[PDB]
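Colleague: Here's a structure for you.
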Protein chains: 2
Amino acid sequence: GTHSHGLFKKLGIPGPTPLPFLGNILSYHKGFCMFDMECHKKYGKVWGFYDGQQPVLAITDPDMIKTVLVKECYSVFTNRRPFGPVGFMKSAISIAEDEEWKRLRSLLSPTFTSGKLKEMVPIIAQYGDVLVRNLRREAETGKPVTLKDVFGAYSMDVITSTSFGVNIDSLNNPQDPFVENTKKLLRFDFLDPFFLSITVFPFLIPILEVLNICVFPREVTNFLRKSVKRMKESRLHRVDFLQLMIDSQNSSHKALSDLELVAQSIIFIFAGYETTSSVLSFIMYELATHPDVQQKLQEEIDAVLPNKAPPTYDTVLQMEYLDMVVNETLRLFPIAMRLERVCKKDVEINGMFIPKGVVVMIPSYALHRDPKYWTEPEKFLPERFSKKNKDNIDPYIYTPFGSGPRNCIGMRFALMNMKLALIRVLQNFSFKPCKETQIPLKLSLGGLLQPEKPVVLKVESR
Amino acid sequence: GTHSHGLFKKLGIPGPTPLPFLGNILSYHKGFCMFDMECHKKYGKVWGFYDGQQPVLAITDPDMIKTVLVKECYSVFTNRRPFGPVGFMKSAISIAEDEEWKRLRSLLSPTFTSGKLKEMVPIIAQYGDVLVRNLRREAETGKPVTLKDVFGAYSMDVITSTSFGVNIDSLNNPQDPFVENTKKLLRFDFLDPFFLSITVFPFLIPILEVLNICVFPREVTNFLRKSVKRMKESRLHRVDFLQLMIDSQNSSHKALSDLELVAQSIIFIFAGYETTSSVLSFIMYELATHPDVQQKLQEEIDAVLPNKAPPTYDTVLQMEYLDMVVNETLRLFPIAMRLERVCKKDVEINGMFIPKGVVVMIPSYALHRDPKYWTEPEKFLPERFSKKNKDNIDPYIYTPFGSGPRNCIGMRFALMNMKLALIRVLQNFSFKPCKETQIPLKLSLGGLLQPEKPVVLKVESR
Ligand code: HEM
Ligand code: HEM
Ligand SMILES: CCCCCc1cc(O)c2c(c1)OC(C)(C)[C@@H]1CCC(C)=C[C@@H]21
Ligand SMILES: CCCCCc1cc(O)c2c(c1)OC(C)(C)[C@@H]1CCC(C)=C[C@@H]21
């Protein structure tokens, strides 16, 4: 069962020896992050391994990364790895391939412009107030707070109102039928018993397709397909993603059909719910364990927003230290962990031959903690992103949102969404560690970049 | 189980109603040929059906056929339908796809030039003598001859000597180890219990790949892989396909590797063994049931080749009535039956939208027996291809070797190979029907264009 396990030895590329059928997946017992760091340590700039029979070439050269992600993106490295039975979510932009992706990425790009985002801040700002009033209930009761719930409700509060206009206090209505379905849209643990079996038996993916089995629960999508169906029939002015997409199909490319439009609204929740929630928990953990950084940030917030002034789009871009705190956290915790591109031709880039079918991988977690580009990479030093030192940062080493034409389309939204939370939250509360707080934080050995234990902290009102 | 069975009704294309999972394959109980004729009768110029879940759009417009096979061949309709677990025969030119095919088709095109073919006639001519001496043994014994064996041995006699230089009287040595393996390379009956299950369960193809199961018997290819391995080690001048390919890798494209070179030699046998043998049986059946055509051909042969003169390359191209007999037979019996191309993009050709993934099919058998282009299409009238009437023949209606960049690469060889047999055979023997001869001939209801019963005829010596 080693039809292709001799490839990296033929090309003369170092890497760990694979087992038959399994490849190197037994080395995932400590997570993707630990595996990438160690391979980078042993083998250096380029190494290869096997996800079962699938060869994966890892690369850490900034020139090589720019070629893969930007230069030869359209011509060679256009798609990501197929990951399992997807059904009608083939129409989602992150899942679509080749010209279908290029068309979708164009039909949805004006939806994520800064000008469209500025019109969305009054909707995002409203649920910072909901976020604060939910926090104040737990602050004057003295109970340590579990961030992933109060923040998980916030990330859901923003999605429902900016992606459909549904206004729900999901923390005090954690039980409305619309919240039940959308909360079942968590990010995928590719080290769970399922996707590991997908890696060993990729020939089983076409099987699950003909059985209508999907990695997106059919009930959730069936609920949202008819829910959007009823929303579009009711609207027959506002700044919500669904509206901008409805306006898109109301015209070079074919207009977004009805099923394609629903599939995008679903992938926006999938890419934004647990991601936004997890980064906001990582940031508050660092603000708690470094009170000096939390105070300096609170001083800057009140300096731009006197007397707890409500944050605007412009006053958010005005806060440089807040952007430093966010950027430094995303360096330590790049929740995607990896970037992947499927090589679709036989190409030679930067003096290295890469054959068709090989998955090229950029280990983001490993590069963000590389001592050869970062001084004391484990420490939380927001000054790395000061306007003085941000020039010395290579944009292909620090890729928390990826790079190139296939980078995070919701990057501006995700950063504004997180910053509006921190501003309103730090305007009202200080965050101090608890005896039950895991210090130092340990990561999950699974397939998602998340804390081993949920981050619990103390919340005091200023 | 009808995820895509609504496609042709959405596009408004007529066709037979499909059953869940099965599609229209139950209509194959009378063969592909009967199914194409009837659909052409009911629905007209364009219709659609389903091979399970796979939509197949049939087209019969000459302008549309030229677009599919020539104009938009490289850009859209480059590949044929995937057909089952293929293994290392992915490297065969007929199986390869996209740029890999374009590269192989270039590395092998100078191998099939007329100039290379002229140097192969002395090898092909030698086994016409072997073919005659095998026929003479059965002619003066009065036994009716089964053509598919005496001709099957001839088509194998030509392949072994022109593809490897192996000189075997496969009719009197039907038992050498080299003949045993190569005779297991028959054309595929896509209506047998296997490939019908492949059509219903295409998700099972990736399964059979990981089990090393291949539609080419592993023992045969393993025998030939090491046999060619020993042939190339022994050669370390002649006009054999293996030599021309060995010369190709002895240099814009990468040279043919060792496994690719073996895979081509195998696909040449697969495409040439039963095909050449079956056409030669169809021709002799028509020469037997139309003695007037057989006499006129024998008169032309002796007029170009006096006193049973051995046929040269030039004297073969000199015989126009022989070319008429061959062409008229290939019209009645286009052994490929169909041409197929997978639509790889969303394209609109000649005012008709065709979506990505649909297999476009050209029903050759049906078009060759279309009364709207042929007068009395069932009758064997070689005068249709007379130099006077051959101008009125549309090259996209009569496609026995296909058309466009992906047509039969061995067309010139196959025609010369068959004609050299008929010349030498008609120089020595006349062929008269037997009481056991099936008159009129009935075709096999299976998935191969072949007689229902083997053609048995009487052979008398002139
Ligand atoms: C903390 C928040 C987020 C982080 C860290 C993040 C990170 C990423 C990364 C690393 C990628 C892959 C880039 C690449 O492959 O080069 C990506 C893709 C993507 N993200 Fe985000 N993301 C976040 C939030 C969001 C949000 C709020 C949206 C809202 C729509 C979103 C939508 C997408 C989409 C659609 C893609 C795929 C784009 C394509 O394939 O063309 N993400 N994200
Ligand atoms: C009576 C003899 C033969 C007939 C009727 C025949 C017919 C055909 C047809 C209809 C096609 C497909 C064309 C298309 O898809 O448009 C084809 C393809 C092909 N044939 Fe033949 N063939 C014959 C003999 C041979 C021989 C002797 C060879 C020797 C090498 C050969 C090699 C091939 C190859 C390699 C292809 C695929 C080419 C490609 O995919 O680029 N065939 N043949
Ligand atoms: C087995 C092959 C794995 C590839 C599957 C895969 C991996 C992956 O990291 C992502 C996928 C999909 O979908 C999108 C929506 C792009 C996500 C956006 C946000 C982040 C943090 C993760 C992205
Ligand atoms: C289920 C999809 C069916 C496609 C498989 C398929 C169909 C087909 O008609 C042929 C295939 C392969 O291979 C080659 C070598 C091109 C053959 C050449 C000679 C003739 C008569 C048949 C050709």
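By order of appearance in the structure tokens: chains A, B, ..., then residues from 1 within every chain, and ligands from 1 in the order shown.
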Would you give me, as a list in words, the residues of chain A that come within 8 Å of chain B, using only C-alpha atoms?
Modeller: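 The complete set of qualifying residues is residues 1, 203, 204, 206, 207 and 210 of chain A.
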Colleague: Throw together the list of residues within 6 Å of ligand 2, counting only C-alpha atoms and all ligand atoms, and drop it here as a list in words.
Modeller: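 If we count only C-alpha atoms and all ligand atoms, the neighbours of ligand 2 turn out to be residues 93, 94, 105, 268, 271, 272, 275, 276, 279, 335, 336, 339, 400, 401, 402, 403, 406, 407, 408, 409, 410, 411, 413 and 414 of chain B.
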Colleague: List the spatial neighbours of residue 231 of chain B as a tab-separated table (two decimals) with N, CA and C atoms, in the first residue's frame - criterion: any atom at most 10 Å away, only C-alpha atoms, same-chain residues fewer than 3 positions off excluded.
Modeller:
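As written to disk, around-v5.tsv reads:
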```
chain	number	residue	atom	x	y	z
B	164	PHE	N	7.12	-5.14	-31.10
B	164	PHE	CA	8.28	-5.60	-30.34
B	164	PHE	C	9.31	-6.35	-31.17
B	165	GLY	N	9.01	-6.72	-32.41
B	165	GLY	CA	9.92	-7.53	-33.19
B	165	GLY	C	9.82	-9.01	-32.94
B	166	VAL	N	8.86	-9.46	-32.13
B	166	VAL	CA	8.69	-10.87	-31.83
B	166	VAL	C	8.04	-11.55	-33.02
B	224	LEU	N	4.45	-8.17	-19.55
B	224	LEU	CA	4.96	-7.30	-20.60
B	224	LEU	C	5.90	-6.24	-20.06
B	225	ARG	N	5.67	-5.76	-18.84
B	225	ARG	CA	6.56	-4.77	-18.25
B	225	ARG	C	7.98	-5.31	-18.13
B	226	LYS	N	8.12	-6.55	-17.66
B	226	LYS	CA	9.43	-7.18	-17.59
B	226	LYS	C	9.91	-7.70	-18.94
B	227	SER	N	8.99	-8.02	-19.86
B	227	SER	CA	9.41	-8.44	-21.19
B	227	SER	C	10.02	-7.28	-21.97
B	228	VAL	N	9.34	-6.13	-21.98
B	228	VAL	CA	9.93	-4.93	-22.58
B	228	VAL	C	11.20	-4.55	-21.85
B	234	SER	N	18.37	-5.96	-24.14
B	234	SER	CA	19.05	-6.69	-25.20
B	234	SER	C	19.47	-5.77	-26.34
B	235	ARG	N	18.60	-4.84	-26.73
B	235	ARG	CA	18.94	-3.92	-27.81
B	235	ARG	C	20.13	-3.05	-27.44
B	236	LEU	N	20.38	-2.87	-26.15
B	236	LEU	CA	21.55	-2.14	-25.69
B	236	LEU	C	22.81	-2.97	-25.89
B	242	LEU	N	8.38	-0.16	-30.79
B	242	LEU	CA	9.22	-0.10	-29.60
B	242	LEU	C	10.53	0.62	-29.89
```
Colleague: Considering only C-alpha atoms, return as a PyMOL selection string whatever protein or nucleic-acid residues lie within 12 Å of residue 382 of chain A, sequence-local ones (same chain, fewer than 3 positions apart) excluded.
Modeller: chain A and resi 283+286-287+290+292-294+296-297+320-332+377+379+385-390
Colleague: Ranking A:22, A:168, A:263, A:366 by minimum distance to residue 399 of chain A and counting only C-alpha atoms, which one comes first?
Modeller: A:366
Colleague: Pick out the residues sitting within 10 Å of segment 120-130 of chain B, and hand them over as a VMD selection string; count only C-alpha atoms, and ignore anything fewer than 2 positions along from it in its own chain.
Modeller: chain B and resid 114 to 118 132 to 136 153 to 159 161 to 162 165 167 to 172 238 to 241 310 to 313 413 416 to 418 420 to 425
